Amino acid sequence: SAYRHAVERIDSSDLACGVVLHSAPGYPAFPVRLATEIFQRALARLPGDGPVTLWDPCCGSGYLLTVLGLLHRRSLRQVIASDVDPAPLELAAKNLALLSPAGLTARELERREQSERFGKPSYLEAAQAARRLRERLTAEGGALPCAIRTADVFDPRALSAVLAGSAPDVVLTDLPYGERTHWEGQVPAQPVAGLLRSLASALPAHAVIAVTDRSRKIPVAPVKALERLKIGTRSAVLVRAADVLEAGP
């Protein structure tokens, strides 16, 4: 594989976990460069162009979705976050709050107080980082509409509820570690195909679905992949909602 879009690695130090965006020891960070690569490749498979509604149905800590929201604000009409556990969502809520200028301002001011209290130079680098992101956010559209809800991705009846009328164009998600066969492996194909089938039942026909795993190749069949990649430890497959529906039960 290679970087088609993320061709020249850019300033993502502001988007590093724990600087402005929130981290937690239980949820892993996603590589900034890999995220913006999967997303632009997803965009290039859509019929026409314009602002896209983006959904992450296993949003975990919201880091991946928030990162995309700030980086690609101009290509985004709105973002949807969802997951089954209420655990990570408490964290995703504080990450998604950074998709508005006012959330970035509170983060900024929090870092300035810690800087005064502790004098650590890293707190000020953080504060300037938040300011910079908020100025970019503002110039690219300002506050980015988002919604977060709990919902089971294998229960397609629940999916209607999450979307709340919206019709996502791109679905993007890192498969969760609890669905993996063990901690040190990958999510198997029986759940992958049940996952697509459930999603596409709720999506518009043109929607692109981008899934990522720690494996070397993701078993989507019988469905026909639109595209694949591996970068380092990670691999991704992109499928169209219409194609999923064909293969059926």
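Start at 1 and count along the sequence shown; that's the residue number.
Engineer: Using the B-factors recorded in the PDB entry, average over the C-alpha atoms of 148-156 and of 163-171, then report which stretch comes out higher.
Structural biologist: The stretch with the larger mean CA B-factor is 148-156.
Engineer: Read off the CA B-factors in the entry, average them over 214-222 and over 199-207, and name the higher stretch.
Structural biologist: Between 199-207 and 214-222, it is 214-222 that shows the higher mean C-alpha B-factor.
Engineer: Pick out which of 28, 69, 50, 185 has the highest C-alpha B-factor in the PDB entry.
Structural biologist: Comparing C-alpha B-factors across 28, 69, 50, 185, the maximum falls on 185.
Engineer: For the chain shown, is the CA B-factor of residue 176 in the lowest, middle or highest third of its modelled residues?
Structural biologist: It belongs to the highest third of the chain when residues are ordered by C-alpha B-factor.
Engineer: Relative to the other modelled residues of the same chain, rank the CA B-factor of residue 21 and answer lowest, middle or highest third.
Structural biologist: It belongs to the lowest third of the chain when residues are ordered by C-alpha B-factor.
Engineer: Rank-wise, by C-alpha B-factor, drop residue 54 into the lowest, middle or highest third of its chain.
Structural biologist: Lowest third, going by the recorded CA B-factors of the chain.
Engineer: Quick check on the deposited entry: does the C-alpha B-factor of residue 65 sit in the lowest, middle or highest third of its chain?
Structural biologist: Its C-alpha B-factor, which the entry lists for residue 65, ranks in the lowest third among residues of this chain.
Engineer: Within this chain, which third does the Cα B-factor at residue 38 fall in: lowest, middle or highest?
Structural biologist: Tercile = lowest for this residue's CA B-factor.
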